[PDB]
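Asks: This one is an experimental structure. Sequence first:
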Amino acid sequence: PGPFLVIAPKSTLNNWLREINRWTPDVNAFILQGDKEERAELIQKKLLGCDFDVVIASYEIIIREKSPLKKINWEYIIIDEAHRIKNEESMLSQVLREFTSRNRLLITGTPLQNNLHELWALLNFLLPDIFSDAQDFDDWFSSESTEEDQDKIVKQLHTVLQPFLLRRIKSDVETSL
DNA sequence: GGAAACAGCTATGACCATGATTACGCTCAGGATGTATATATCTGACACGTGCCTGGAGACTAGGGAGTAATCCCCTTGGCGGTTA
């Protein structure tokens, strides 16, 4: 049981704290909310005191709290609704390539929205030392064969990501019928 | 019957109210003053003719400024979300 970092949109920080209490009450988590002073007593007392397991913050708070969070090495950076990361220049991306966690569990509700460029934008922060490349990934696959429309080289895209990534749909396993 | 005590009357002073007087201002007076006005007469400067000539106005060629098309890509724009001073 160690240091954990999870991120939720402002509207959703209640739910994750609510569900963690309902299901596994043994984990120390905070909703890191409040004012500049009201975030401080969280910083020095509990966050600096290493008196927690997970920390629930918002999109901007981590940017507001980048410096007091670097000094704590993490286990995962749990990223719900990972849509702000679609842009590499979205400032949240440059604040997350700076933290040092052993694993980096990105989470989403919907997959990539528009482009292959976007796909490895999610993918490049997953295993950065492996790719370390931006346009190399792109012209390697050449955008679903945008010129020849072979639509068979897409199988190579699928074959790497199938044992590297997991999709399930509601229609298959209803759970709601 | 005498003495004290109080009450009412009287007078006088004080204070307020009214009348007059005066002084000052101003607004009429009236004088002083300076300004407009008109006129008749100089006069110098502005306007106009004359002559002349050289810039202005065509007349002509030639070569690149300006003008357009096509292209693109970067940027401004706007609404929001969430903070905070």
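Replies: Thanks, I have it. Residues are numbered from 1 along each chain as shown, chains lettered A, B, ... in the order given.
Asks: Which positions in chain A make contact with DNA strand B?
Replies: A:9-11, A:33, A:35-36, A:58-61, A:64 (Cβ under 7 Å from any atom of the strand). Every C-beta, even on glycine, is put in place using the N, C-alpha and C of the backbone.
Asks: can you pull out the strands in chain A?
Replies: A:4-7, A:29-31, A:54-57, A:77-79 (DSSP state E).
Asks: Turn those into JSON lines, columns for mean neighbour count.
Replies: Shown next, in JSON lines, are those (neighbours: other Cβ atoms under 10 Å):
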{"stretch": "strand A:4-7", "mean neighbour count": "22"}
{"stretch": "strand A:29-31", "mean neighbour count": "17"}
{"stretch": "strand A:54-57", "mean neighbour count": "23"}
{"stretch": "strand A:77-79", "mean neighbour count": "21"}
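Asks: Would you mind giving those as a markdown table with distance to residue A:140 added?
Replies: Shown next, in a markdown table, are the strands of chain A (distance: least, Cβ to Cβ, whole Å):
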| stretch | distance to residue A:140 |
| --- | --- |
| strand A:4-7 | 30 |
| strand A:29-31 | 41 |
| strand A:54-57 | 36 |
| strand A:77-79 | 25 |
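Asks: I'd like to know which of those strands is closest to residue A:161.
Replies: With respect to residue A:161, and counting by Cβ to Cβ, the nearest of these is strand A:77-79 at 17.8 Å.
Asks: Quick check: the residue of chain A nearest DNA strand B.
Replies: residue A:10 (3.2 Å; Cβ to the nearest atom of the strand).
Asks: Filter the residues of chain A next to DNA strand B down to the buried ones, PyMOL style.
Replies: The buried subset of these, as determined by 16 or more other Cβ atoms under 10 Å, is captured in PyMOL by this line:
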select buried, chain A and resi 58+59+61
